[PDB]
Amino acid sequence: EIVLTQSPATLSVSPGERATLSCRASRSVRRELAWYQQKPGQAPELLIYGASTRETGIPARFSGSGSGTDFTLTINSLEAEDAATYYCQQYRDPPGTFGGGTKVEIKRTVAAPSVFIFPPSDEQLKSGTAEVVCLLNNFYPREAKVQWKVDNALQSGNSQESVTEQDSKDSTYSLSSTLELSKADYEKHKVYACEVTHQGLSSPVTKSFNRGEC
Amino acid sequence: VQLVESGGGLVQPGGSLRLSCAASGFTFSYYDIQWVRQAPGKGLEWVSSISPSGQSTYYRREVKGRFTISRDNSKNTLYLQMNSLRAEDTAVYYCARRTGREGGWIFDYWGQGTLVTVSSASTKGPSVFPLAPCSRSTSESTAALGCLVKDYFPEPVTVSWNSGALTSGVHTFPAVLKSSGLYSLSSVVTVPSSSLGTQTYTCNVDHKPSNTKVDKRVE
């Protein structure tokens, strides 16, 4: 049984620069090896086969190399739309095994987030629940710190985060932080604030509202 | 080439589900066709294969005896009957074509996949609520709007804005499965603040397992 190892499993390469991806096989697969590109929400797409042969339609910047146990996929002149997870597949033994994948991140220039805060709608309060949402939009790098405050009291343990996949055109990420609380607790406080720390910001940004003004 | 999968959805453990894959654009009858699955947030694993005539079939060890691949070369359709389903079978199932040279098992075309959720949780449609600012800003040139898609099961839901006429600046976040066994997500969009009183913003939420369709006006 031929196992494929793709290490490192993450790369961060600037636009216009070279990304070099590795794939190693536990046994020689000669040159019976394919490379696939999988963008988020999508199916894999064949890039290379026979370890070095480009599939018709694939840009010249995507190249393959290697034989036996060691293989490399080089992506020259990295583009924003190359943000995807790349998989190697050997077909020495039918029907083949895949590697675990290497996600290529486009290391674009720093972009500070645009922060928006959303109180719960009147239709949500009428349903019996409340939650407040803090949107961090179009930022890079992916690292960010979100802190919730309720009447200036620092919150902890009561918020859930969700992060988008890297954008195929602008190479940024977006994040939502949702402060979880009961409708009763929401009606017991006034000021809701989310303070954002990001390397693109020199001082943290706070977005807030006063419940009674909504 | 087109390979469109269907039949995916929620199924209780021990249950049965049949997937279908419809081919068009090529002579289906000449190629071997495969089922390849991808568990949530994981890689790719080949599942089953079928020769052009249907004589030769191959199965991944952990699915043998439970899964059966079949094909209809007049409808140009592939199937995967999956019985005795377990939690670890939960995955997006892709139907993919193996090259028709030399041979070589190369998956040259893949469909967009169909999600199969092996769980005992009951189907539930979401509640859709608007996400709008507390008050008018008066200083910023860009505004954000959204929709909260709350407490639903199973995945997936699709969100679009203005029936697909608004895609620019949309971000539909990956859903979060809370301790209650239900999913929630947000879809947001950024638009010029000058359009808030002229353009209408409607999030369209579709949750196919519960046959839920909600159009929510935002602002």
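By convention in this document, chain letters (A, B, ...) are assigned in the order of the sequence lines, proteins followed by strands, and residues within each chain are numbered from 1.
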_B/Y109: side-chain contact (heavy atoms from CB on, under 4.5 Å) partners, not counting sequence neighbours_ = B/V1, B/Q2, B/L3
_Residues which pass side-chain contact (heavy atoms from CB on, under 4.5 Å) with A/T85, listed by chain and number, not counting sequence neighbours_ = A/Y87, A/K103
_Residue pairs involving residues 159-170 of chain A (criterion side-chain hydrogen bond (donor to acceptor under 3.5 Å, both in side chains); sequence neighbours excluded)_ = A/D170-A/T172
*Indicate whether any N or O donor in one side chain lies under 3.5 Å from an N or O acceptor in the other, for B/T114 and B/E5.*
no
*Side-chain donor-acceptor pair under 3.5 Å between A/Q37 and A/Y86, yes or no?*
yes
*Mind running side chain to side chain contact (heavy atoms under 4.5 Å, CB included) on A/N137 and B/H171 for me, showing each step along the way?*
CA-CA 9 Å; A/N137 213 216; B/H171 296 297; 2.8 Å; yes
*Taking atom types as modelled, find out whether B/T68 and B/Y59 have a side-chain donor-acceptor pair closer than 3.5 angstrom.*
no
*asked:* Tell me which pairs pass disulfide bond (SG atoms under 2.5 Å apart) where either residue lies in residues 38-85 of chain A, with sequence neighbours left out.
replied: none
_ring pair (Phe, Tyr, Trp, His ring centres under 6.0 Å) involving B/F173 - partner list, sequence neighbours excluded_ = none
*Return the set of residues passing side chain to side chain donor-acceptor pair (under 3.5 Å) with B/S49 (not counting sequence neighbours), or none when no residue passes.*
B/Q34
*Can you tell if the side chain of B/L166 reaches within under 4.5 Å of the side chain of B/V189, non-hydrogen atoms only?*
yes
*Which residues pass the side chain to side chain donor-acceptor pair (under 3.5 Å) test with B/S160, sequence neighbours left out?*
B/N204
*ring-ring contact (aromatic ring centres under 6.0 Å, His included) pairs, two or more places apart, involving residues 7-58 of chain A*: A/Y36-A/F98, A/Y36-B/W110
*Counting distance only, does the side-chain N/O of B/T77 pair as donor-acceptor with the main-chain N or O of B/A22 below 3.5 Å?*
no
*Considering residues at least two apart in sequence or located in another chain, which fulfil the side chain to side chain donor-acceptor pair (under 3.5 Å) criterion with A/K207?*
none
*For B/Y31 and B/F26, what are the C-alpha separation, side-chain angles and deciding distance, and is it a ring pair (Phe, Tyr, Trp, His ring centres under 6.0 Å)?*
CA-CA 9 Å; B/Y31 308 87; B/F26 67 100; 5.7 Å; yes
*Among all residues two or more places apart in sequence or in another chain, which pass the salt bridge (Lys or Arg N to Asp or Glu O under 4.0 Å) test with A/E180?*
B/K178
*Output the distance between atom NZ (B/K150) and atom OG (B/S127), rounded to the nearest 0.5 Å.*
8.5 Å
*Can you name the residues that form a side chain to side chain donor-acceptor pair (under 3.5 Å) with B/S16, not counting sequence neighbours?*
B/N83
*Mind checking side-chain contact (heavy atoms from CB on, under 4.5 Å) for A/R31 and listing every partner two or more places apart, or none if nothing turns up?*
A/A51, A/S52, A/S67
*When you check the side-chain N and O atoms of A/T129 and A/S127, is any donor under 3.5 Å from an acceptor?*
no
